[PDB]
Every structure is written in structure tokens, then in C-alpha cells.
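Single-letter residue listing:
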Protein chains: 2
Amino acid sequence: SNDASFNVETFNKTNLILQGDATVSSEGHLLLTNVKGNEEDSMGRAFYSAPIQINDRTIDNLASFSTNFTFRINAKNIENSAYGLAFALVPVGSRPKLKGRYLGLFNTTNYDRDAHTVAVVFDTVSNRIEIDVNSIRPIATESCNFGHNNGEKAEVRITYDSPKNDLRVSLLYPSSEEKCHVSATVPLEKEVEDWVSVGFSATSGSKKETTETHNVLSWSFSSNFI
Amino acid sequence: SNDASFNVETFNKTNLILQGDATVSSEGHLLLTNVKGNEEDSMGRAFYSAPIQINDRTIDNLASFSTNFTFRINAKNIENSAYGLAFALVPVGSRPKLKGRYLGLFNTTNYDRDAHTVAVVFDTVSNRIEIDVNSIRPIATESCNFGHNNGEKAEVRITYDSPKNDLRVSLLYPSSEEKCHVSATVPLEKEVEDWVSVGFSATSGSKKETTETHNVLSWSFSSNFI
Ligand SMILES: *[C@@H]1O[C@H](CO)[C@@H](O[C@@H]2O[C@H](CO)[C@@H](O)[C@H](O)[C@H]2NC(C)=O)[C@H](O)[C@H]1NC(C)=O
Ligand SMILES: *[C@@H]1O[C@H](CO)[C@@H](O[C@@H]2O[C@H](CO)[C@@H](O)[C@H](O)[C@H]2NC(C)=O)[C@H](O)[C@H]1NC(C)=O
Ligand SMILES: *[C@@H]1O[C@H](CO)[C@@H](O)[C@H](O)[C@H]1NC(C)=O
Ligand SMILES: *[C@@H]1O[C@H](CO)[C@@H](O)[C@H](O)[C@H]1NC(C)=O
Ligand SMILES: *[C@@H]1O[C@H](CO)[C@@H](O)[C@H](O)[C@H]1NC(C)=O
Ligand SMILES: *[C@@H]1O[C@H](CO)[C@@H](O)[C@H](O)[C@H]1NC(C)=O
């Protein structure tokens, strides 16, 4: 097996795979979508350059992982923004999919086993944290008012306890002290490939008034077999 | 800044950049040079897929790192084998250089500041551990009888303490209980690029009787800014 961790105190494009409109600012923040110019239908993705082993066939053992990151979404109109930001596990070498509500991660509305993608979505359209497993129809959600915290930093903690197939998400907006959480049972070994690229993806609104930016400020990840 | 670590208990090509004759066996071992067929002038390199940040200019701070790995060199004729195996820090995206004594890492004998390559060489020709800094003329060496331990596993520990510019190497052959060590003062930030690829390189003898294999069995690495 292979364990791996990284702690991104400030982003640098050198160790990332940037796709779409994703860029790293001079301040070292990950800008997933356009922050200037045409933000309509802007889409970007970014993954750590090294693949992460999730399933080691030889030991019939699965890895557990933990990832913490902070982000900030800044919308034009806090009551009509879209679409959201997502943390995702995707196939190594994969290219962006559909924009809009597909978040650049999916290309069909219904379940598609061949997608091999799991994502934790911070949906600004519905104001919910959603766990999407190979489809945009969430297997679990919980309301989380992102709009009330427009332009504020959110601290997120995601853990995957493999023995229990337990994926847990906790979010906190220190400014308002709003907390959001959601968990779901997801057998990763069946839903994603043996190795995956971990990262983020985001899509901005299709019209002038529904645009918003999606920036990740810091990010640490750790996976290990046990 | 960015910290990174990984623990390779069994090798897999998915998270490696393989060059030359380097391959990963079904047993999960890294075979840097040809183990079957023509081993004459075989050369191979392998690096972790994600670049490692060494110098974060914005903070006027340098990373320290620690790396442990085990290897096995197996020569046909223990008195005439060449050339060796090396742990190296090279420029991101770099391709192999010259073979033979150059180890696939260098292309000139004298110092070349533009090489931006630092290596800890387990030299089978001279039977010494050598610290090469942008040149094959080692800045420090100590005898280490690899031949007397032909085909045996060596456990190596390398640490770089940035505040002191201290690079230390410790090797142990559990089977014979022979230990080798060598240290040197190397200001990494002045000798390598801000970001580097970490890994191995090896070259096999040019003649039938001087050939040998170079296998890495396990490897863990960790770099941290402090
Ligand atoms: C990402 O890392 C690179 C390499 O350290 C940084 O680029 C260097 O920045 C310094 C100071 O601005 C320049 O003098 C060098 O010429 C740059 N080197 C290269 C290869 O571009 C870059 O600034 C870092 N990114 C961020 C956002 O900090
Ligand atoms: C490196 O990892 C890959 C992916 O897990 C391993 O390849 C799989 O091996 C199993 C068992 O042999 C096969 O059933 C799959 O079809 C393979 N998948 C792929 C994508 O190749 C590979 O064996 C691992 N390498 C080592 C040395 O263990
Ligand atoms: C979705 O994307 C995958 C990979 O690009 C492709 O194989 C598949 O055919 C696509 N499906 C549709 C309906 O476009
Ligand atoms: C995330 O934070 C929690 C608590 O602060 C910690 O236990 C965990 O190890 C962290 N994970 C990473 C990848 O930093
Ligand atoms: C070594 O490689 C570099 C690659 O740019 C090249 O400029 C240099 O001339 C090479 N050395 C020799 C002696 O050719
Ligand atoms: C290497 O091993 C030593 C002692 O076993 C340990 O202190 C160190 O943290 C290890 N480093 C890595 C990268 O595994």
C-alpha cells in the first residue's frame, strides 16, 4: 500500500493539476472560477499532482482519509447565486465534464457507475451540503445557508472511516458561528477507482446575476491504510 | 508553503514518474535497471509524481526533510560491478542525463550550478557513499562495502536539517550488521530549485561482468517547513 499527505498552507500551481478557469492567485489562494471578466458558466478544477491510493487489492485493505480546507464563496446576488464548490475524488487523468449543476464532475443526472466520482458539494443554488456518489442526485444533504455568509471563510473537515464506510462532513463559519454537518454511508472501494486524484471543482452561474467566485484558501489531506 | 509526505510500503507505478529502464515488479519493488536480458549500460530513474517544495521565498524559510528507504543491489561479479544507485533531488520535469558514472543525473564531471541536482550515491565502483552536489566529484564520502553485502537489503536514513544546512546519511545492513554514515554541509536553497522531484536513479556496468541490479524495496519521505 501507499499512504500520502500534504499540507497546503498557501497554494502554488507547481504541485497541482489545474483545469478550466482554475488559477492560483499571487496571494496563494486557489481561484476555481473566473474572478474577473466573464464569470458566466466559468468552471475550473484543481487536483493534487500525485494520485492517492484508495484500494489496495493485494491486502483486501481500504484506506481511510481526512481532509481539512477553508474556502470563501463570494456571490453578486446572495439570493440567486450558483452553482457551488465541491471536494471530489475523481479518476486519475480525467478531464472536466459538464458545467452548471454538474459542477464539472458529472455528465448525466442519474447514477452512472462508470463515473467513478464521489463529491462533497457546497451547493449555493439549494443552500445545502450534498454528498454526490456517481450522480448529482445526492444520497444525503443538510441545509447550510451559504448566502447568509457571503464572502466569509468556511472551515471544513471531511473524514472517511473505511471500516464503517462512514463519510462525515463538518463545516463552520467562524464569523456567524453557523455550523453544518452531514454524513453518509459510502463504500468507496465500489464507487471510485483503486487510485484517485483528489481536489476541487466549481461552476459559476449561467447568467449575469447568478455568478459567484469559489476560492480555496488552505488545504491539508492525509490518507493511510490500517 | 507546502508540506508533503508519503509512505510506500509496496511500489506502484501509478504515483511515480518512471524513466529509462525503471519498472515496478509484480512484488511491488522498484527495479531501476534491467533485471533480465541486457543489463549492460542499463539506466533508470523514478520520482514521486508530486513536486516537493524546498524553498518558499515568500517566508524566507527552507524546508527540512527526512527519507527512509531500503534497497538491494545484486551484482554478477562482486569485485567488478558498477555503477550504483542514488537518491536524488532534481529539477521538476527533468529528463535523464548521461549513463555510466554520471548515474543518469549529471552530464559534466566538474561543478555545474545549472544542474540543480543533489544526490546521495551508493557507489559500487569505489565502495563508498558519496554526497554529490551538482558534480560527480563528491563533497564528502565514506567507505561502505556494498560488495561484501551483495544481494542483501540495506536500510538507509537520510535527514536534512535546514537551519544547519546539515545533510546526514546512515546505512545499515542488518544481515552483517555493517553501518555506514556520511554527512556534509549543503545549503540546499542555493544548490537546487525552489521545487524539486525526489527519487532515485541508477546505472549498470558497461560490460557483461560489471552489470548489477538496483532495487528499492520501500520508501517513506516527509518534508516540513518550520
Ligand atoms: C510558486 O512557486 C514558484 C517557485 O518558487 C514561485 O515563482 C518564483 O517567484 C519568485 C519571486 O516572485 C521569482 O523570482 C521566481 O523567478 C519564480 N520562479 C518561477 C519558477 O516562477 C511562485 O511565486 C509561487 N507562487 C506563489 C503564488 O507563491
Ligand atoms: C498498482 O495498482 C493497480 C490498481 O490497483 C494494480 O492493477 C490492478 O491489479 C488487479 C489485480 O492484479 C487487477 O484486477 C486490476 O485489473 C488492475 N487494475 C489496473 C488499473 O491495472 C496493480 O497491480 C498495482 N501494482 C502492483 C505492483 O501491485
Ligand atoms: C460522460 O463522460 C465519459 C468520459 O468522458 C464518457 O465516456 C461518456 O460517454 C459520457 N457520457 C455522455 C452521455 O456524454
Ligand atoms: C483535520 O483537523 C482535525 C482536527 O483539527 C485533525 O484531527 C486531522 O488530523 C486534520 N486532518 C488533516 C489532513 O490535517
Ligand atoms: C548538460 O545538459 C544541459 C541541458 O540544457 C546542456 O545545456 C549542457 O550543455 C549539457 N552539458 C554538455 C557538456 O553538453
Ligand atoms: C525514518 O525513520 C526514523 C527512525 O525509524 C524516524 O525517526 C523518521 O521519522 C523516519 N522518517 C520517515 C520519512 O519515515
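Residues numbered from 1 in each chain as written, not as in the entry; some residues may be left out. Chains lettered and ligands numbered in written order. Heavy atoms only, no water. Residues with missing side-chain atoms left out of burial classes, pairs and counts.

Method of structure determination, per the deposited record: X-ray crystallography was used for this entry, reaching 1.90 Å resolution.

Quick look at the overall build of chain A
Heads up, the rule is: A run of H or I in DSSP becomes a helix once it reaches four residues, and a run of E becomes a strand once it reaches two; helices and strands are each numbered from the N terminus. Between the two quantities, the radius of gyration covers C-alpha atoms and the globule rule is 2.2 Å times the number of residues to the power 0.38. Each residue is placed in one exposure class: buried if its accessible area under a 1.4 Å probe, protein chains only, is under 20% of its type's maximum, exposed if it is over 50%, and partly exposed if it falls in between. Whether two residues are in contact is decided by their heavy atoms, any of which lying within 4.5 Å being enough. Per-residue and other accessible areas follow the Shrake-Rupley method at a 1.4 Å probe size, with only the shown protein chains counted as cover for residues. None of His or the chain ends enter the tally, which takes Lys and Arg as positive and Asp and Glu as negative. Every charge is mapped onto a representative atom, which is NZ of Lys, CZ of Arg, CG of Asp or CD of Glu.
When you go through chain A residue by residue, the secondary structure sums to one helix and 17 strands. Relative to its length of 226 residues, chain A is compact, with a C-alpha radius of gyration of 16 Å against a globular reference of 17 Å. Principal-axis analysis of the C-alpha atoms gives chain A an extent of 50 × 35 × 35 Å. Buried positions account for 55% of the 226 residues belonging to chain A. Contacts in chain A between residues at least 24 apart in sequence constitute 68% of all its contacts with a sequence separation of at least 6. Of the accessible surface of chain A, which amounts to about 9500 Å², a share of 44% is contributed by carbon and sulfur atoms. Across chain A, the centroid of the 21 positively charged side chains sits 3 Å from that of the 28 negatively charged ones.

Section: the relation of the copies chain B and chain A
Formally: Every copy is matched to the others by a least-squares superposition of C-alpha atoms.
Relative to chain A, chain B is turned by 180° and slid 0.0 Å along the rotation axis, the superposed coordinates differing by an RMSD of 0.1 Å. Both chain copies can therefore be described as sitting about a two-fold axis. Here 100% of the contact residues of chain B are again contact residues in chain A; the copies associate through an equivalent surface.

Examining the state of the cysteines
All names here are of chain A. Filter applied, for reference: Our working definition of a disulfide is a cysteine sulfur pair at a distance within 2.5 Å.
Taken as a whole and judged by the stated rule, the model has two disulfides over all chains. Here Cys-144 engages in a disulfide with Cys-180; their sulfurs sit 2.0 Å apart. Here the disulfide of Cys-144 and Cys-180 is right-handed, its torsion about the S-S bond being about 100°. Of the two residues, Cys-144 is situated in the loop between β12 (140-143) and β13 (153-161) and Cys-180 in strand β15 (residues 178-185); the sequence distance between them amounts to 36 residues.

Some details on the site of ligand 4
Residue and element names in this part refer to chain A. How we decide: It suffices for a single heavy atom of a residue to lie within 4 Å of a molecule or strand for the residue to be listed as near it. Contacts described as polar in this section are N or O atom pairs within 3.5 Å, which, within protein, must combine one atom able to donate a hydrogen with one able to accept it, while residues neighboring in sequence count only if both atoms come from side chains.
Every residue near ligand 4 is listed here: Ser-66, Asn-68, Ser-220, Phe-221 and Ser-222. The separation between an oxygen atom of ligand 4 and a polar side-chain atom of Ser-220 is 2.7 Å. Where the shell around ligand 4 is concerned, the elements lending two or more residues are β8 (61-75) and β17 (212-225). Per-element tally for the shell around ligand 4: the top contributor is β17, with three residues.

Some details on the interface of chain B and chain A
What counts, and what does not: By buried area we mean how much accessible surface two parts lose on assembly, using a 1.4 Å probe and totalling the loss over both. Salt bridges are identified by distance alone: a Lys or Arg side-chain nitrogen within 4 Å of an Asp or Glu carboxyl oxygen. Side-chain classes follow a simple rule in which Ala, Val, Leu, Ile, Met, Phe, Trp, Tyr, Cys and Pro form the nonpolar group, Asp, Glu, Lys and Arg form the charged group, and the remainder, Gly included, forms the polar group.
Each partner contributes residues to the interface: chain B has 18 residues there, and chain A has 19 residues. Across the chain B to chain A interface the summed buried area is about 1700 Å²; carbon plus sulfur atoms make up 40%. The tally of links between chain B and chain A comes to zero salt bridges. Remark: the boundary between chain B and chain A carries nine residue pairs in polar contact. Partitioned by chemical class, the residues of the side of chain B that touches chain A number seven nonpolar, nine polar and two charged.

Observations concerning the side chain of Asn-55 of chain A
Checked against the element boundaries, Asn-55 of chain A lands in strand β7 (residues 55-56). Each residue touching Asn-55 of chain A, except ones within four places of it in the same chain, is listed here: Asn-61, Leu-62, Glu-189, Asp-194 and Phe-225 of chain A.

Some words on the nonpolar core
So the rule is basically this: We call a set of buried residues a nonpolar core when its members are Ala, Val, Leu, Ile, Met, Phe, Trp, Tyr or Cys and they connect through side-chain atoms within 4.5 Å of each other.
One finds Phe-71, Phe-122, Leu-171 and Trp-219 of chain A together with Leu-171 and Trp-219 of chain B to be the most contacted residues of the largest nonpolar core, which totals 104 residues. Ranked by residues supplied to this core, first place goes to strand β8 (residues 61-75) of chain B with six residues. Setting aside chain neighbours within four positions, we find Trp-219 of chain A in contact with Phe-6, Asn-7, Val-8, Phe-11, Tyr-48, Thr-67, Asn-68, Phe-69, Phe-87, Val-198, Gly-199 and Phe-200 of chain A.

Digging into the pattern of salt bridges
Residue and element names in this part refer to chain A. Counted by the stated rule, this structure contains 10 salt bridges over all chains. Close ionic contact of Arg-168 with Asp-166 constitutes a salt bridge, the shortest N to O distance being 3.3 Å. On the basis of relative accessibility, which here comes to 34%, the residue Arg-168 falls in the partly exposed class. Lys-190 is the salt-bridge partner of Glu-189, the closest N and O atoms lying 3.4 Å from each other.

Here's the deal with the layout of surface pockets
Convention followed: Space inside and on the surface of the protein is sampled on a 1 Å grid over the protein atoms alone, with a cavity defined as a set of points where a 1.4 Å probe fits but cannot get out and a pocket as an open set with protein on both sides within 12 Å along at least 5 of 7 lines; lining residues have an atom within 4 Å of a point. Grid points are joined across faces, edges and corners, and a volume is the space filled by probe spheres set on the points.
Taken as a whole, the largest pocket holds about 240 Å³ of empty space. Residue lining of the largest pocket: 18 residues in total, with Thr-10, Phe-11 and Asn-12 of chain A together with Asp-56 and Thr-58 of chain B positioned closest to the centre. In terms of residue class, the lining of the largest pocket is made up of three nonpolar, 10 polar and five charged.

Some thoughts on the pairing of strand β14 (residues 166-173) of chain A
The side chains of a regular strand alternate between the sheet's two faces. Residue and element names in this part refer to chain A. Using the following cut-off: At least two bridges found by DSSP between two strands are what make those strands a pair.
Burial along β14 is one-sided: the face carrying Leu-167, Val-169, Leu-171 and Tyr-173 is buried and the face carrying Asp-166, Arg-168, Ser-170 and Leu-172 is not. In terms of strand pairing, β13 meets β14 through seven bridges, oriented antiparallel. Among the inter-strand pairings, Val-156 is bridged to a residue of β14, identified as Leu-171. Between β13 and β14, which follow one another and run antiparallel, lie four residues, and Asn-165 among them has a positive phi close to 55°. Bridging between β14 and β15 involves eight bridges; their strand directions are antiparallel. Note on β15: the bridge partner recorded for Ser-170 is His-181. Counting the residues between successive antiparallel strands, the hairpin from β14 to β15 contains four residues, one of them, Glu-177, with a positive phi of roughly 70°.

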